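# Examination of the molecular architecture
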Amino acid sequence: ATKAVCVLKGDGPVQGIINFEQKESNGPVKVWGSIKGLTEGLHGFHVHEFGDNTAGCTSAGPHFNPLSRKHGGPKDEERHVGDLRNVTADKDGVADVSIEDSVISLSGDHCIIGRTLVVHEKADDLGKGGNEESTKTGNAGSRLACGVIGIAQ
Amino acid sequence: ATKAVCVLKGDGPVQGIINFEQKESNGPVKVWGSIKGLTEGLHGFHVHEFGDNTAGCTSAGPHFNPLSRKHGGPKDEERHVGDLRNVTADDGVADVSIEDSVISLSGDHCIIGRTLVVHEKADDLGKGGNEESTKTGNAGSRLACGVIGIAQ
Ligand SMILES: [Cu+]
Ligand SMILES: [Cu+]
Ligand SMILES: [Zn+2]
Ligand SMILES: [Zn+2]
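Residues numbered from 1 in each chain as written, not as in the entry; some residues may be left out. Chains lettered and ligands numbered in written order. Heavy atoms only, no water.

Regarding how it was determined, this PDB entry cites X-ray crystallography in its header, along with a resolution of 2.72 Å.

You'll find chain B entered in the PDB entry as Superoxide dismutase [Cu-Zn], with Homo sapiens given as the organism. Per UniProt, chain B has the following entry under Function: "Destroys radicals which are normally produced within the cells and which are toxic to biological systems." Under the heading Catalytic activity, UniProt records this for chain B: "2 superoxide + 2 H(+) = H2O2 + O2". (UniProt positions renumbered as here; feature names shortened; annotations may be inferred.)

Where the PDB entry is consulted, chain A appears under the name Superoxide dismutase [Cu-Zn], with the organism given as Homo sapiens. The record in UniProt for chain A states the following under Function: "Destroys radicals which are normally produced within the cells and which are toxic to biological systems." Entered under Catalytic activity in the UniProt record, the comment concerning chain A runs "2 superoxide + 2 H(+) = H2O2 + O2".

Below, the structure is given as structure tokens:
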């Protein structure tokens, strides 16, 4: 298998760790881990194009989109390769994450290794938002923390 | 003209930015940038196997060595792909500027998604005669490290 990990850090209280795991060549990527310091509710969660943090998460670029598609998230509807929908923070401010994805990958042409993982302020409306914005970012608002996705043991 | 960048963040007063640039695939890689907060003198400078920073820099693993070789200097034939000799600091500042055709931002020796580590001590280039020397050049602990990501 191939493994990756990402330490999410930000300007404020938000911080966490996310693990990625791809058991088979271009198979699904198990994504689990936890993020703390978030306000109760939903937070956009995506992979952006650059693993550049010279300017915090801002320099991370737009959502990872190798196949010029619209933003989204839902099953078989159009989307960006980096759109991981939303993570949920309980009342403690901690969001336990456990999702599985078949579009992202840890090897090949949709490789997310060396790219940034971002957790946002608001919820991602998956592109159901009516306004140019919803098809770009899902109106997920600002970025609270991020990290470069790297190869793990 | 593929590019990569790295922000040597993480605990400590040691912060900096290192850019990686490689025009044509598998060709040389130009490495340059600045680091500050360092102790004066020579500091080992290497690419380690993992971009895992969960427990600070201890989780990056050993040097990025895909050919199973002993630690060495970049001009030695006997080196880890990740060995990039030493960087000098004066006030704790070190201006970096190097080339290396063994590492790469594409293919077999891609350092993307891995960790760039600058050590507390000088790297002895693997000529000590002890195990450490053939593993990390005796460069000491890891003052700072950052995962190498894809830059604009
Ligand atoms: Cu995002
Ligand atoms: Cu090292
Ligand atoms: Zn998107
Ligand atoms: Zn080495």
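Next comes the rest of the account.
This brings us to the overall build of chain A. Looking only at helices and strands, chain A has 0 helices and 10 strands in total. Since a compact globule built from 153 residues should have a radius of gyration of about 15 Å, the 14 Å found for chain A is in line with a globular shape. Reported as C-alpha extents along the three principal axes, the dimensions of chain A are approximately 35 × 35 × 30 Å. Buried positions account for 50% of the 153 residues belonging to chain A. Partitioning the contacts of chain A with sequence separation of at least 6, the portion at a separation of at least 24 is 62%. When the accessible surface of chain A is summed, it comes to about 7100 Å², and 47% of that surface belongs to carbon and sulfur atoms. Of the charged side chains in chain A, 16 are positive and 21 negative; the average position of the first set lies 2 Å away from that of the second. (Helix = DSSP H or I, 4+ residues; strand = E, 2+ residues; numbered from the N terminus. Rg over C-alpha atoms; globule rule 2.2 N^0.38 Å. Buried < 20%, exposed > 50% of the residue type's maximum accessible area, 1.4 Å probe, protein only. Contact = heavy atoms within 4.5 Å. Areas by Shrake-Rupley, 256 points an atom, 1.4 Å probe, with all protein chains shown as cover. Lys, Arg positive; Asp, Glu negative; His and termini not counted. Charge placed at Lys NZ, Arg CZ, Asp CG, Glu CD.)

Six octahedral donors around a metal ideally make angles of 90 or 180 degrees; four tetrahedral donors ideally make 109.5 degrees. All names here are of chain A. Here the copper ion (ligand 1) is held by the protein donor atoms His46 (ND1), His48 (NE2) and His120 (NE2), which lie 1.9 to 2.2 Å from it. Each donor residue of the copper ion (ligand 1) lies on the same chain, and together they follow the pattern H-x1-H-x71-H. Here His120 lies in strand 8 (residues 116-120) and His46 lies in strand 4 (residues 41-48), a separation of 74 residues in the sequence. (Donors = N, O, S within 2.8 Å, 3.2 Å for Na, K, Ca; no water.)

On to the sheet that holds strand 4 (residues 41-48) of chain B. Strand pairing in a sheet relies on backbone hydrogen bonds, with the paired strands running either antiparallel or parallel. All names here are of chain B. Taking strand neighbours across the sheet as the criterion, the 4 strands line up as 6-4-8-9 in an open arrangement whose pairing is antiparallel. Of all strands in the sheet, those with a lone pairing partner are strand 6 (83-89) and strand 9 (142-147), marking the two edges. Strand-to-strand twist in this sheet, taken as the mean axis angle between neighbours without regard to direction, amounts to 25 degrees. Bridging between strand 4 and strand 8 (residues 115-119) involves 4 bridges; their strand directions are antiparallel. In the strand pairing of strand 8, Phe45 is matched with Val118. (Pairing = 2+ DSSP bridges. Axes fitted to C-alpha atoms, helices over the stretch in contact; angles between N-to-C directions.)

A separate point is the coordination of the zinc ion (ligand 3). Residue and element names in this part refer to chain A. Here the zinc ion (ligand 3) is held by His63 (ND1), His71 (ND1), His80 (ND1) and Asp83 (OD), and the distances to it run 1.8 to 2.1 Å. Coordination at the zinc ion (ligand 3) is tetrahedral: its 4 donor atoms span angles of 92 to 126 degrees at the metal. Each donor residue of the zinc ion (ligand 3) lies on one chain, and together they are spaced H-x7-H-x8-H-x2-D. Of the two residues, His80 and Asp83, both sit in the buried class. (Tetrahedral: all angles 85-135°; square planar, octahedral: opposite > 155°, others 65-115°.)

Here the focus is the state of the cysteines. Tallying each qualifying case throughout the model produces 2 disulfides over all chains. Here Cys57(A) engages in a disulfide with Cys146(A); their sulfurs sit 2.0 Å apart. Because the sign of the S-S torsion sets the handedness, a value of about -95 degrees for the bond joining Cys57(A) and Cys146(A) places this disulfide among the left-handed ones. Pair noted here: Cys57(A) is in strand 5 (residues 54-57) and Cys146(A) is in strand 9 (residues 143-148), with a separation of 89 residues, a long-range link. For the pair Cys57(A) and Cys146(A), one class covers both residues: buried. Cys146(A) provides the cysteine sulfur closest to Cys6(A), a residue in no disulfide bond, and the two sulfurs are 7.7 Å apart. Taking the relative accessible area as the measure of exposure, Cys6(A) reaches 0% and is therefore buried. Unpaired in this structure, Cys6(B) has its nearest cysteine sulfur neighbour in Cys145(B), at a distance of 8.2 Å. (Disulfide = S-S within 2.5 Å.)

Further remarks concern the interface of chain B and chain A. Listed by partner, the interface residues are 19 residues for chain B and 19 residues for chain A. Interface area, chain B with chain A, both sides summed: about 1500 Å², of which 67% is carbon and sulfur. Interface area lost by chain B to chain A is led by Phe50(B), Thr54(B) and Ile150(B), which between them contribute 32%. Linking chain B with chain A are 0 salt bridges, by the criterion used here. If you look at where chain B meets chain A, you find 5 residue pairs in polar contact. Among the secondary structure elements, those contributing two or more residues to the side of chain B that touches chain A are strand 1 (2-7) and strand 10 (149-150) of chain B. Along the lines of polarity and charge, the residues of the side of chain B that touches chain A split into 9 nonpolar, 7 polar and 3 charged. (Buried area = accessible area lost by both parts, 1.4 Å probe. Salt bridge = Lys/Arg side-chain N within 4 Å of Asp/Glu carboxyl O. Polar contact = N/O pair within 3.5 Å; in protein donor to acceptor, adjacent residues only side chain to side chain. Nonpolar A, V, L, I, M, F, W, Y, C, P; charged D, E, K, R; others polar.)

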